[PDB]
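So this first bit is one chain, no partners, the form deposited in one PDB entry, shown in structure tokens.
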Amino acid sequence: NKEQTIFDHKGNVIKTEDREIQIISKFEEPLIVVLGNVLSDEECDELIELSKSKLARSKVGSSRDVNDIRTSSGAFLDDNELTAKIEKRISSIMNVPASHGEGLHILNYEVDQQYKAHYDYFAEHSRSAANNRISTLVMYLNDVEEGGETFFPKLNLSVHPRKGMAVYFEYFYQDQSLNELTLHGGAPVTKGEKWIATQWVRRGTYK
């Protein structure tokens, strides 16, 4: 008897209020789902541009408080109608209220940059682990000429960037060994560049 998952959409599409998302493939335990048609091309481009501080003194996401998680690398977007619209769609996908999301986090990889394998949930006895992360949505905002795979090294599987698509995965299982298998990284970009939006989702209301 498999454990319950947060994501429980049973078909080949997720009908959200403003967009029909395609369920492409999935690995079952832990649950890793490739999703098509998550963002339009225009939404992808706008999220990239919104992430830019453009050498000004104020960092994008400056409207976030000392209770907010702060990202050294990349930027959390400031809330607006677009991010709210997208967070609502993502909430239908991830089956959790948008109030549990940390907000759209944008990251750029230049050529040869990578993200070493890591967990998205916080350390077990950490303080952040009181309202720990339970699931991730990584959205590909552009096409990557070569490289840039999201790889899960303990599962020997990867998802390749494709503009408008996403990879979803969760790690709220009671057998910790399942959460351990969501170890993942971003492979080096070897030609071109890579842009992603990540939604990290908390067990409890976050914002």
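Only residues modelled in both forms are compared. Rigid core (definition): largest C-alpha set, two forms, superposition within 1.5 Å. In this text, residue numbers run from 1 along the sequence as written.
Although not depicted, the form deposited in another entry is the subject of the following passage.
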Once the rigid core is lined up, just say which one of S158, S177, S63, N37 has a C-alpha that travels 2 Å or more between this form and the one not shown.
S63
Note yes or no: does the Cα of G103 move by 2 Å or more between this form and the one not shown after the core is superposed?
no
2 Å or more on the CA of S73 between this form and the one not shown, with the rigid core superposed, yes or no?
yes
With a difference of at least 3 Å, the CA distance of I69 and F7 in that other deposited form shows the atoms farther
Shown form as baseline, in that other deposited form, CA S63-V201 shift of 3 Å or more puts them farther
Mobile segments between this form and the one not shown - rigid core superposition, Cα shift of 2 Å or more, 3+ residues:
53-57, 59-74
